[PDB]
Amino acid sequence: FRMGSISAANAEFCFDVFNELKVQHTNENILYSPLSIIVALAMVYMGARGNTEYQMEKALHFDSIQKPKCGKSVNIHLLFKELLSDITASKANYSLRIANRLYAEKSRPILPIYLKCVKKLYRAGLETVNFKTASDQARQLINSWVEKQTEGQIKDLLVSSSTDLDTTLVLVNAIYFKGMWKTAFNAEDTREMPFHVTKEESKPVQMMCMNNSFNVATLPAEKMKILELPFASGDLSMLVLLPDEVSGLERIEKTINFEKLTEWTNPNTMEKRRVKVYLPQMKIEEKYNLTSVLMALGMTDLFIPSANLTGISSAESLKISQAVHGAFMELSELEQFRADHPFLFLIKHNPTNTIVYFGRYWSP
Ligand SMILES: CO[C@H]1O[C@H](COS(=O)(=O)O)[C@@H](O[C@@H]2O[C@@H](C(=O)O)[C@@H](O[C@H]3O[C@H](COS(=O)(=O)O)[C@@H](O[C@@H]4O[C@H](C(=O)O)[C@@H](O[C@H]5O[C@H](COS(=O)(=O)O)[C@@H](O)[C@H](O)[C@H]5NS(=O)(=O)O)[C@H](O)[C@H]4O)[C@H](OS(=O)(=O)O)[C@H]3NS(=O)(=O)O)[C@H](O)[C@H]2OS(=O)(=O)O)[C@H](O)[C@H]1NS(=O)(=O)O
């Protein structure tokens with residue numbers, strides 16, 4: 001299916017974003033959802049025209065994957081909708097929530113066709129609010145909604161300086177994940193161990209310990225191991241990319257991209273074997289203003305007054321004032337796999353190999 005094209009675009013976009021994010025987010029944890037971001041932008045893209053549309057099409061890698069009422073990319077919006085409904089369905093011991101919303105200044109009338117397309121393809125994804133004379137109340141309402149959707153974890157996503165009387169569009173995107181390990185780690189076996197941030201800096205961390213059969217890629221020439229950890233319920237799994245050397249992370253961050261990740265995680269390289277796993281208990285929250293990042297990736301017009309969103313509104317002045325992303329991830333409970341120094345990780349949707357979260361664990 002073309003779903004593989006959308007999965008590949010998401011991964012290519014994921015590493016485009018990582019390349020920008022790590023410039024400004026050095027020596028700290030990173031956590032974001034390329035999937036929820038690309039879906040948020042796809043919803044905007046549906047209403048973009050001219051150069052703004054062209055820039056988004058290239059930056060989102062849609063150009064590599066009788067006009068329909070919701071545009072030529074209607075098949076892409078449909079695939080995103082079907083994918084999101086799969087992974088956000090709540091199960092026992094599985095909670096993944098995505099909050100995705102474009103807020104529009106009420107004096108910019110929304111074209112009926114765009115409202116219809118959003119209702120069918122991105123339901124509840126568009127709201128009109130009075131930024132002009134109630135921008136601070138609108139901000140608190142938006143932040144409350146994000147806080148509610150993320151089970152209290154993503155607070156104050158839109159900071160006080162971010163909205164004013166001139167705000168016309170705000171793109172808000174948040175993702176929440178709380179999962180449980182398929183092999184429930186022994187409660188009487190998790191213990192406090194040193195996490196070696198560098199060879200010189202150590203911080204204590206609560207380490208989950210598991211001795212079980214896992215798929216693992218052992219790649220000496222790449223100086224890494226990659227462990228697959230299934231979740232208890234749902235169709236998601238975590239991959240952990242552990243550098244062999246204590247500070248081997250930078251070398252891997254310099255070279256990783258979609259093609260390399262595919263080579264390193266090739267099912268032919270994966271072997272099912274008994275592994276003694278030490279993994280830090282992970283509870284990571286990160287918030288990003290993605291405006292600069294997305295402009296640097298080539299979507300400049302979307303965030304300045306020459307934005308062309310005339311598929312959203314006919315109004316004279318429209319642009320995205322802020323694109324903000326909040327991500328929360330929590331996990332709770334032979335060859336060695338001792339993740340006690342900085343590493344990369346991702347959460348993927350197994351049926352489609354789509355990357356849902358990508359991140360760096362730098363320090364407890
Ligand atoms: C580097 O960037 C620069 O170049 C790129 C690349 O373009 S290039 O290869 O030509 O060099 C530019 O990006 C491309 O162009 C964009 C753009 O021109 O807006 C954009 O194209 C998409 O949006 C166009 C505008 O849509 S609209 O709704 O805002 O009007 C659209 O063109 C229009 O299509 C409609 C249509 O067919 O529905 C036309 O409407 C008219 O025809 C209908 C019936 O047709 S019929 O044959 O007579 O029966 C009527 O129902 C309708 O009433 C009627 N309206 S009327 O006012 O004209 O009378 C309309 O005339 C067209 O202008 C594009 O559709 S297309 O089929 O004509 O190509 C649409 N392309 S799509 O999304 O791919 O399907 C895109 O961003 C991009 O298009 S591309 O093909 O992907 O490359 C970029 O703008 C430019 N930037 S710049 O340098 O800064 O300027």
# chains A, B, ... in the order shown; residues from 1 in each chain; ligands from 1
>>> residues_near_ligand(ligand="ligand 1", cutoff="6 Å", atoms="only C-alpha atoms and all ligand atoms", output="PDB file with N, CA, C and O atoms, in the first residue's frame")
ATOM      1  N   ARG A  49      -1.800  27.204  -0.314  1.00  0.00           N
ATOM      2  CA  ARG A  49      -1.732  27.352  -1.763  1.00  0.00           C
ATOM      3  C   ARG A  49      -0.427  28.042  -2.139  1.00  0.00           C
ATOM      4  O   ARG A  49       0.345  28.473  -1.277  1.00  0.00           O
ATOM      5  N   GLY A  50      -0.178  28.129  -3.444  1.00  0.00           N
ATOM      6  CA  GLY A  50       0.964  28.884  -3.938  1.00  0.00           C
ATOM      7  C   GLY A  50       2.282  28.402  -3.367  1.00  0.00           C
ATOM      8  O   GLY A  50       2.517  27.199  -3.165  1.00  0.00           O
ATOM      9  N   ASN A  51       3.160  29.363  -3.074  1.00  0.00           N
ATOM     10  CA  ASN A  51       4.491  29.010  -2.589  1.00  0.00           C
ATOM     11  C   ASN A  51       4.455  28.341  -1.222  1.00  0.00           C
ATOM     12  O   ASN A  51       5.334  27.525  -0.912  1.00  0.00           O
ATOM     13  N   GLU A  53       2.138  26.246  -0.035  1.00  0.00           N
ATOM     14  CA  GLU A  53       1.875  24.831  -0.306  1.00  0.00           C
ATOM     15  C   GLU A  53       3.112  24.139  -0.865  1.00  0.00           C
ATOM     16  O   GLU A  53       3.472  23.034  -0.440  1.00  0.00           O
ATOM     17  N   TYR A  54       3.767  24.767  -1.846  1.00  0.00           N
ATOM     18  CA  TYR A  54       4.931  24.148  -2.465  1.00  0.00           C
ATOM     19  C   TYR A  54       6.015  23.863  -1.436  1.00  0.00           C
ATOM     20  O   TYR A  54       6.608  22.773  -1.427  1.00  0.00           O
ATOM     21  N   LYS A  72      -5.608  17.268  -3.903  1.00  0.00           N
ATOM     22  CA  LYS A  72      -4.991  16.110  -4.545  1.00  0.00           C
ATOM     23  C   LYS A  72      -4.419  15.131  -3.529  1.00  0.00           C
ATOM     24  O   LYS A  72      -4.311  13.934  -3.818  1.00  0.00           O
TER      25      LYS A  72
END
>>> residues_around(residues="residue 322 in chain A", least_positions_apart="2", cutoff="12 Å", atoms="only C-alpha atoms", output="PyMOL selection string")
chain A and resi 102-104+139+157-159+161-164+166-173+288-295+302-304+319-320+324-325
>>> write_last_selection(atoms="N, CA and C atoms", output="tab-separated table (two decimals), in the first residue's frame")
chain	number	residue	atom	x	y	z
A	102	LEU	N	-5.73	23.47	15.30
A	102	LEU	CA	-5.41	24.78	14.75
A	102	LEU	C	-6.45	25.74	15.31
A	103	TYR	N	-5.98	26.76	16.02
A	103	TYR	CA	-6.85	27.81	16.53
A	103	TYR	C	-6.76	29.02	15.61
A	104	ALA	N	-7.92	29.55	15.22
A	104	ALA	CA	-7.99	30.62	14.24
A	104	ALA	C	-8.68	31.83	14.83
A	139	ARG	N	-5.45	31.95	25.38
A	139	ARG	CA	-4.24	31.20	25.71
A	139	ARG	C	-4.47	30.24	26.87
A	157	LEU	N	1.73	25.07	27.63
A	157	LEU	CA	2.36	24.85	26.32
A	157	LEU	C	2.56	26.16	25.57
A	158	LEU	N	1.56	27.03	25.58
A	158	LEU	CA	1.67	28.37	25.01
A	158	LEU	C	2.07	29.34	26.11
A	159	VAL	N	3.28	29.89	26.04
A	159	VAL	CA	3.79	30.76	27.09
A	159	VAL	C	3.19	32.16	26.97
A	161	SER	N	4.10	35.19	26.51
A	161	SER	CA	4.48	36.11	25.45
A	161	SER	C	4.01	35.67	24.06
A	162	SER	N	3.38	34.51	23.94
A	162	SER	CA	3.23	33.88	22.63
A	162	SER	C	2.00	34.33	21.85
A	163	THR	N	0.95	34.80	22.52
A	163	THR	CA	-0.26	35.26	21.83
A	163	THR	C	-0.54	36.72	22.18
A	164	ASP	N	-1.09	37.45	21.21
A	164	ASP	CA	-1.45	38.85	21.41
A	164	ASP	C	-2.61	39.18	20.47
A	166	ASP	N	-2.75	40.47	17.67
A	166	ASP	CA	-2.47	40.28	16.25
A	166	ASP	C	-2.42	38.82	15.85
A	167	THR	N	-2.51	37.90	16.81
A	167	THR	CA	-2.42	36.49	16.50
A	167	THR	C	-3.59	36.08	15.61
A	168	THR	N	-3.30	35.38	14.52
A	168	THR	CA	-4.39	34.90	13.68
A	168	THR	C	-4.50	33.38	13.63
A	169	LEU	N	-3.38	32.65	13.64
A	169	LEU	CA	-3.42	31.19	13.71
A	169	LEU	C	-2.36	30.66	14.66
A	170	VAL	N	-2.74	29.68	15.48
A	170	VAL	CA	-1.82	28.99	16.37
A	170	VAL	C	-2.01	27.50	16.15
A	171	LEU	N	-0.92	26.79	15.89
A	171	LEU	CA	-0.96	25.34	15.71
A	171	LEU	C	-0.44	24.69	16.99
A	172	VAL	N	-1.29	23.89	17.63
A	172	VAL	CA	-1.00	23.29	18.93
A	172	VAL	C	-1.02	21.79	18.75
A	173	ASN	N	0.04	21.11	19.20
A	173	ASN	CA	0.12	19.68	18.98
A	173	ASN	C	0.76	19.04	20.21
A	288	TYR	N	8.36	22.20	22.68
A	288	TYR	CA	9.13	22.89	21.65
A	288	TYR	C	8.26	23.92	20.96
A	289	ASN	N	8.83	25.10	20.77
A	289	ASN	CA	8.32	26.04	19.77
A	289	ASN	C	9.01	25.65	18.48
A	290	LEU	N	8.25	25.10	17.54
A	290	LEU	CA	8.85	24.53	16.35
A	290	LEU	C	8.94	25.51	15.21
A	291	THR	N	8.51	26.76	15.42
A	291	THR	CA	8.44	27.72	14.33
A	291	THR	C	9.78	27.88	13.62
A	292	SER	N	10.86	28.14	14.37
A	292	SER	CA	12.16	28.34	13.75
A	292	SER	C	12.65	27.09	13.03
A	293	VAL	N	12.49	25.93	13.67
A	293	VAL	CA	12.86	24.64	13.08
A	293	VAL	C	12.16	24.44	11.74
A	294	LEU	N	10.84	24.67	11.70
A	294	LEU	CA	10.10	24.41	10.47
A	294	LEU	C	10.48	25.40	9.37
A	295	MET	N	10.75	26.65	9.75
A	295	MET	CA	11.25	27.61	8.76
A	295	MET	C	12.60	27.17	8.22
A	302	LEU	N	5.00	30.02	5.63
A	302	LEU	CA	3.88	29.70	6.51
A	302	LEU	C	3.86	30.57	7.76
A	303	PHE	N	5.02	31.08	8.18
A	303	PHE	CA	5.16	31.76	9.47
A	303	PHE	C	5.42	33.25	9.34
A	304	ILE	N	5.29	33.82	8.15
A	304	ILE	CA	5.50	35.25	7.93
A	304	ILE	C	4.29	35.79	7.16
A	319	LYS	N	-1.43	33.90	8.94
A	319	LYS	CA	-0.17	33.17	9.00
A	319	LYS	C	-0.14	32.42	10.32
A	320	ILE	N	0.73	31.43	10.41
A	320	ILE	CA	0.88	30.70	11.66
A	320	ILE	C	1.78	31.51	12.58
A	324	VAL	N	3.56	24.90	18.26
A	324	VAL	CA	4.13	24.39	19.50
A	324	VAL	C	3.80	22.91	19.64
A	325	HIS	N	4.76	22.16	20.16
A	325	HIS	CA	4.66	20.70	20.27
A	325	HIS	C	5.03	20.31	21.69
>>> select_by_dssp(residues="range 133-310 of chain A", states="strand (DSSP E)", output="PyMOL selection string")
chain A and resi 169-180+191-196+202-219+224-230+236-243+271-280+283-289
>>> residues_around(residues="range 184-186 of chain A", least_positions_apart="3", cutoff="12 Å", atoms="only C-alpha atoms", output="list in words")
residues 93, 179, 180, 181, 189, 190, 191, 207, 208, 209, 210, 211, 212, 229, 230, 231, 232, 233, 276, 277, 278, 279, 280, 281, 331, 332 and 333 of chain A
>>> write_last_selection(atoms="N, CA, C and O atoms", output="short mmCIF file (atom, residue, chain, number, x, y, z; two decimals), in the first residue's frame")
data_model
loop_
_atom_site.label_atom_id
_atom_site.label_comp_id
_atom_site.auth_asym_id
_atom_site.auth_seq_id
_atom_site.Cartn_x
_atom_site.Cartn_y
_atom_site.Cartn_z
N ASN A 93 -3.72 -1.14 29.88
CA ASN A 93 -2.29 -0.88 30.09
C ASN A 93 -1.67 -0.16 28.90
O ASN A 93 -0.46 -0.26 28.65
N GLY A 179 2.86 3.60 28.89
CA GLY A 179 2.83 2.21 28.50
C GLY A 179 3.43 1.33 29.58
O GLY A 179 4.06 1.81 30.54
N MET A 180 3.23 0.03 29.39
CA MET A 180 3.66 -0.99 30.33
C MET A 180 4.42 -2.06 29.56
O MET A 180 4.05 -2.40 28.44
N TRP A 181 5.49 -2.55 30.16
CA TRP A 181 6.34 -3.51 29.46
C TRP A 181 5.65 -4.86 29.31
O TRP A 181 4.95 -5.32 30.21
N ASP A 189 13.67 -6.41 41.57
CA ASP A 189 14.92 -6.43 40.84
C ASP A 189 15.36 -5.08 40.30
O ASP A 189 16.54 -4.92 39.98
N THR A 190 14.45 -4.11 40.16
CA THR A 190 14.88 -2.78 39.77
C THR A 190 15.64 -2.13 40.92
O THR A 190 15.23 -2.22 42.08
N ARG A 191 16.76 -1.49 40.60
CA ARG A 191 17.64 -0.96 41.62
C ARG A 191 18.30 0.31 41.12
O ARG A 191 18.33 0.58 39.91
N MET A 207 16.95 1.79 37.60
CA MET A 207 17.17 0.94 36.44
C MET A 207 16.20 -0.23 36.48
O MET A 207 16.11 -0.93 37.49
N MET A 208 15.44 -0.41 35.40
CA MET A 208 14.63 -1.61 35.25
C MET A 208 15.50 -2.73 34.70
O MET A 208 16.27 -2.54 33.75
N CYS A 209 15.37 -3.91 35.29
CA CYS A 209 16.18 -5.06 34.90
C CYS A 209 15.26 -6.15 34.37
O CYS A 209 14.24 -6.46 34.99
N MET A 210 15.60 -6.68 33.20
CA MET A 210 14.83 -7.74 32.56
C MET A 210 15.81 -8.76 31.99
O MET A 210 16.78 -8.39 31.33
N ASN A 211 15.56 -10.04 32.26
CA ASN A 211 16.31 -11.13 31.63
C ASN A 211 15.27 -11.96 30.88
O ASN A 211 14.48 -12.67 31.50
N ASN A 212 15.26 -11.84 29.56
CA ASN A 212 14.26 -12.51 28.74
C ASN A 212 14.79 -12.58 27.31
O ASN A 212 15.91 -12.14 27.02
N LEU A 229 11.95 -3.70 22.23
CA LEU A 229 11.17 -4.03 23.42
C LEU A 229 9.69 -3.90 23.10
O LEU A 229 9.21 -2.77 22.91
N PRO A 230 8.95 -5.00 23.02
CA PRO A 230 7.51 -4.91 22.79
C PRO A 230 6.79 -4.39 24.03
O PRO A 230 7.25 -4.54 25.16
N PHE A 231 5.65 -3.75 23.79
CA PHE A 231 4.79 -3.33 24.88
C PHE A 231 3.75 -4.40 25.18
O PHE A 231 3.48 -5.29 24.37
N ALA A 232 3.16 -4.31 26.38
CA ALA A 232 2.27 -5.37 26.87
C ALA A 232 1.03 -5.50 25.99
O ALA A 232 0.67 -6.61 25.57
N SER A 233 0.36 -4.39 25.72
CA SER A 233 -0.79 -4.38 24.84
C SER A 233 -0.56 -3.28 23.80
O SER A 233 0.31 -2.42 23.95
N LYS A 276 20.18 -9.69 28.96
CA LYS A 276 20.04 -9.09 30.28
C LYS A 276 19.94 -7.58 30.07
O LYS A 276 20.92 -6.94 29.69
N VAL A 277 18.76 -7.03 30.30
CA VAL A 277 18.48 -5.64 29.95
C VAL A 277 18.49 -4.79 31.22
O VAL A 277 17.86 -5.16 32.22
N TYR A 278 19.21 -3.68 31.18
CA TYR A 278 19.12 -2.63 32.18
C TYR A 278 18.68 -1.37 31.44
O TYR A 278 19.41 -0.89 30.57
N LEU A 279 17.51 -0.86 31.78
CA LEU A 279 16.98 0.31 31.10
C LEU A 279 16.51 1.31 32.15
O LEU A 279 15.79 0.92 33.09
N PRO A 280 16.89 2.58 32.06
CA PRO A 280 16.38 3.57 33.01
C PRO A 280 14.87 3.64 32.94
O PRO A 280 14.28 3.56 31.85
N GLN A 281 14.24 3.78 34.09
CA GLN A 281 12.83 4.13 34.12
C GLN A 281 12.68 5.49 33.47
O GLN A 281 13.38 6.44 33.83
N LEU A 331 7.21 5.11 30.86
CA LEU A 331 7.15 3.66 30.91
C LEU A 331 7.36 3.19 32.34
O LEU A 331 8.24 3.69 33.04
N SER A 332 6.54 2.23 32.75
CA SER A 332 6.57 1.69 34.10
C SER A 332 6.54 0.16 34.04
O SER A 332 5.98 -0.43 33.12
N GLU A 333 7.14 -0.45 35.06
CA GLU A 333 7.18 -1.91 35.18
C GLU A 333 6.03 -2.43 36.05
O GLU A 333 4.87 -2.13 35.81
#
>>> residues_around(residues="residue 26 in chain A", least_positions_apart="6", cutoff="12 Å", atoms="only C-alpha atoms", output="list in words")
residues 18, 19, 20, 249, 250, 253, 360, 361, 362 and 363 of chain A
>>> write_last_selection(atoms="C-alpha atoms", output="PDB file, in the first residue's frame")
ATOM      1  CA  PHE A  18      16.130  15.814  14.678  1.00  0.00           C
ATOM      2  CA  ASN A  19      18.935  17.473  12.721  1.00  0.00           C
ATOM      3  CA  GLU A  20      17.493  20.891  13.611  1.00  0.00           C
ATOM      4  CA  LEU A 249      26.217   8.963  20.982  1.00  0.00           C
ATOM      5  CA  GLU A 250      27.527  12.026  19.116  1.00  0.00           C
ATOM      6  CA  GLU A 253      23.783  11.308  15.926  1.00  0.00           C
ATOM      7  CA  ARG A 360      17.474  11.040  23.111  1.00  0.00           C
ATOM      8  CA  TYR A 361      17.966   9.923  26.728  1.00  0.00           C
ATOM      9  CA  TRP A 362      20.826  12.145  27.912  1.00  0.00           C
ATOM     10  CA  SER A 363      20.453  12.150  31.700  1.00  0.00           C
TER      11      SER A 363
END
>>> closest_residue(among="A:31, A:339, A:6, A:141", to="residue 64 in chain A", atoms="only C-alpha atoms")
A:6
>>> closest_residue(among="A:12, A:43, A:106, A:98", to="residue 71 in chain A", atoms="only C-alpha atoms")
A:43
>>> residues_around(residues="residue 348 in chain A", least_positions_apart="5", cutoff="12 Å", atoms="only C-alpha atoms", output="compact mmCIF listing (two decimals) with N, CA and C atoms, in the first residue's frame")
# COMPACT_ATOMS: atom_id res chain seq x y z
N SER A 7 4.81 6.24 5.67
CA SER A 7 5.73 5.89 6.75
C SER A 7 7.14 6.39 6.44
N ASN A 10 7.31 10.17 6.87
CA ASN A 10 7.34 10.49 8.29
C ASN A 10 8.74 10.30 8.86
N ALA A 11 9.41 9.20 8.48
CA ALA A 11 10.76 8.96 8.99
C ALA A 11 11.75 9.97 8.44
N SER A 33 7.19 13.73 18.71
CA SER A 33 6.48 12.80 17.84
C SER A 33 6.53 13.35 16.42
N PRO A 34 7.32 12.77 15.53
CA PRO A 34 7.26 13.21 14.13
C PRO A 34 5.89 12.98 13.53
N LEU A 35 5.21 11.91 13.94
CA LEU A 35 3.89 11.58 13.39
C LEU A 35 2.87 12.64 13.75
N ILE A 87 -3.63 3.84 16.47
CA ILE A 87 -2.72 3.93 17.60
C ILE A 87 -3.30 4.70 18.79
N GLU A 228 14.92 -4.32 20.59
CA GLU A 228 13.48 -4.14 20.40
C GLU A 228 12.78 -4.57 21.68
N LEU A 229 11.95 -3.70 22.23
CA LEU A 229 11.17 -4.03 23.42
C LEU A 229 9.69 -3.90 23.10
N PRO A 230 8.95 -5.00 23.02
CA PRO A 230 7.51 -4.91 22.79
C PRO A 230 6.79 -4.39 24.03
N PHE A 231 5.65 -3.75 23.79
CA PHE A 231 4.79 -3.33 24.88
C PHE A 231 3.75 -4.40 25.18
N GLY A 234 -1.37 -3.32 22.75
CA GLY A 234 -1.20 -2.41 21.64
C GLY A 234 -0.18 -2.92 20.64
N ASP A 235 -0.11 -2.24 19.50
CA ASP A 235 0.77 -2.65 18.41
C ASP A 235 2.00 -1.76 18.31
N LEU A 236 2.50 -1.28 19.45
CA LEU A 236 3.67 -0.42 19.48
C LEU A 236 4.85 -1.14 20.12
N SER A 237 6.06 -0.72 19.73
CA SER A 237 7.27 -1.24 20.34
C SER A 237 8.30 -0.13 20.44
N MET A 238 9.23 -0.32 21.36
CA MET A 238 10.33 0.61 21.52
C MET A 238 11.58 0.00 20.90
N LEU A 239 12.36 0.82 20.20
CA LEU A 239 13.73 0.46 19.85
C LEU A 239 14.68 1.35 20.63
N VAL A 240 15.72 0.74 21.20
CA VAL A 240 16.75 1.47 21.92
C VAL A 240 18.06 1.31 21.15
N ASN A 353 5.58 0.06 10.64
CA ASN A 353 6.92 0.60 10.88
C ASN A 353 6.94 2.13 10.91
N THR A 354 5.87 2.77 11.37
CA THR A 354 5.84 4.22 11.47
C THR A 354 6.41 4.68 12.81
N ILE A 355 7.30 5.67 12.77
CA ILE A 355 7.90 6.22 13.99
C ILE A 355 6.90 7.13 14.67
N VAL A 356 6.50 6.78 15.90
CA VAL A 356 5.54 7.59 16.67
C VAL A 356 6.27 8.58 17.58
N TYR A 357 7.30 8.12 18.29
CA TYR A 357 8.15 9.00 19.08
C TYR A 357 9.58 8.80 18.64
N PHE A 358 10.37 9.87 18.71
CA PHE A 358 11.81 9.77 18.60
C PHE A 358 12.44 10.57 19.73
N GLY A 359 13.54 10.07 20.27
CA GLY A 359 14.13 10.82 21.37
C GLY A 359 15.56 10.45 21.68
>>> select_by_dssp(residues="range 262-339 of chain A", states="alpha helix (DSSP H)", output="JSON, numbers by chain")
{"A": [262, 263, 264, 291, 292, 293, 294, 295, 296]}
>>> decode(residues="range 228-292 of chain A", atoms="C-alpha atoms", output="PDB file, in the first residue's frame")
ATOM      1  CA  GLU A 228      13.480  -4.137  20.403  1.00  0.00           C
ATOM      2  CA  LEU A 229      11.170  -4.034  23.417  1.00  0.00           C
ATOM      3  CA  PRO A 230       7.508  -4.906  22.792  1.00  0.00           C
ATOM      4  CA  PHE A 231       4.787  -3.326  24.884  1.00  0.00           C
ATOM      5  CA  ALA A 232       2.271  -5.366  26.870  1.00  0.00           C
ATOM      6  CA  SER A 233      -0.785  -4.375  24.837  1.00  0.00           C
ATOM      7  CA  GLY A 234      -1.202  -2.412  21.636  1.00  0.00           C
ATOM      8  CA  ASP A 235       0.765  -2.652  18.414  1.00  0.00           C
ATOM      9  CA  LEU A 236       3.674  -0.417  19.482  1.00  0.00           C
ATOM     10  CA  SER A 237       7.265  -1.244  20.343  1.00  0.00           C
ATOM     11  CA  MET A 238      10.333   0.614  21.519  1.00  0.00           C
ATOM     12  CA  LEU A 239      13.725   0.465  19.846  1.00  0.00           C
ATOM     13  CA  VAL A 240      16.753   1.473  21.918  1.00  0.00           C
ATOM     14  CA  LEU A 241      19.923   2.440  20.028  1.00  0.00           C
ATOM     15  CA  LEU A 242      22.707   2.043  22.607  1.00  0.00           C
ATOM     16  CA  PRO A 243      26.215   3.236  21.659  1.00  0.00           C
ATOM     17  CA  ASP A 244      28.918   0.723  22.566  1.00  0.00           C
ATOM     18  CA  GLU A 245      31.128   3.506  23.942  1.00  0.00           C
ATOM     19  CA  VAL A 246      30.167   5.726  26.874  1.00  0.00           C
ATOM     20  CA  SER A 247      30.164   8.872  24.733  1.00  0.00           C
ATOM     21  CA  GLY A 248      29.568   7.167  21.400  1.00  0.00           C
ATOM     22  CA  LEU A 249      26.217   8.963  20.982  1.00  0.00           C
ATOM     23  CA  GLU A 250      27.527  12.026  19.116  1.00  0.00           C
ATOM     24  CA  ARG A 251      29.147   9.894  16.413  1.00  0.00           C
ATOM     25  CA  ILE A 252      25.838   8.085  15.853  1.00  0.00           C
ATOM     26  CA  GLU A 253      23.783  11.308  15.926  1.00  0.00           C
ATOM     27  CA  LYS A 254      26.049  12.750  13.224  1.00  0.00           C
ATOM     28  CA  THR A 255      25.389   9.842  10.841  1.00  0.00           C
ATOM     29  CA  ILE A 256      21.830   8.666  11.579  1.00  0.00           C
ATOM     30  CA  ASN A 257      19.129   9.262   8.965  1.00  0.00           C
ATOM     31  CA  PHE A 258      16.263   7.209   7.550  1.00  0.00           C
ATOM     32  CA  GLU A 259      18.505   5.168   5.256  1.00  0.00           C
ATOM     33  CA  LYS A 260      21.040   4.337   7.978  1.00  0.00           C
ATOM     34  CA  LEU A 261      18.330   3.479  10.505  1.00  0.00           C
ATOM     35  CA  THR A 262      16.762   1.106   7.981  1.00  0.00           C
ATOM     36  CA  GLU A 263      20.137  -0.575   7.439  1.00  0.00           C
ATOM     37  CA  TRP A 264      20.873  -0.871  11.171  1.00  0.00           C
ATOM     38  CA  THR A 265      17.389  -2.264  11.992  1.00  0.00           C
ATOM     39  CA  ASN A 266      17.161  -4.627   9.016  1.00  0.00           C
ATOM     40  CA  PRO A 267      15.212  -7.734  10.209  1.00  0.00           C
ATOM     41  CA  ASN A 268      18.124  -9.771   8.865  1.00  0.00           C
ATOM     42  CA  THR A 269      20.397  -8.014  11.393  1.00  0.00           C
ATOM     43  CA  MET A 270      17.968  -8.662  14.255  1.00  0.00           C
ATOM     44  CA  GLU A 271      18.556 -11.834  16.264  1.00  0.00           C
ATOM     45  CA  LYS A 272      16.253 -13.301  18.911  1.00  0.00           C
ATOM     46  CA  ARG A 273      18.355 -14.197  21.939  1.00  0.00           C
ATOM     47  CA  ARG A 274      18.486 -14.047  25.711  1.00  0.00           C
ATOM     48  CA  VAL A 275      19.402 -10.526  26.827  1.00  0.00           C
ATOM     49  CA  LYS A 276      20.041  -9.089  30.283  1.00  0.00           C
ATOM     50  CA  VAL A 277      18.477  -5.636  29.952  1.00  0.00           C
ATOM     51  CA  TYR A 278      19.120  -2.629  32.177  1.00  0.00           C
ATOM     52  CA  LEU A 279      16.983   0.313  31.101  1.00  0.00           C
ATOM     53  CA  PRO A 280      16.381   3.566  33.013  1.00  0.00           C
ATOM     54  CA  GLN A 281      12.832   4.131  34.118  1.00  0.00           C
ATOM     55  CA  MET A 282      11.752   6.760  31.629  1.00  0.00           C
ATOM     56  CA  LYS A 283       9.441   9.692  32.332  1.00  0.00           C
ATOM     57  CA  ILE A 284      10.232  12.408  29.813  1.00  0.00           C
ATOM     58  CA  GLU A 285       8.384  15.637  29.048  1.00  0.00           C
ATOM     59  CA  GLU A 286       9.557  18.107  26.403  1.00  0.00           C
ATOM     60  CA  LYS A 287       7.985  21.211  24.879  1.00  0.00           C
ATOM     61  CA  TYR A 288       9.132  22.891  21.652  1.00  0.00           C
ATOM     62  CA  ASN A 289       8.321  26.036  19.774  1.00  0.00           C
ATOM     63  CA  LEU A 290       8.851  24.530  16.348  1.00  0.00           C
ATOM     64  CA  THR A 291       8.439  27.720  14.330  1.00  0.00           C
ATOM     65  CA  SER A 292      12.163  28.342  13.751  1.00  0.00           C
TER      66      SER A 292
END
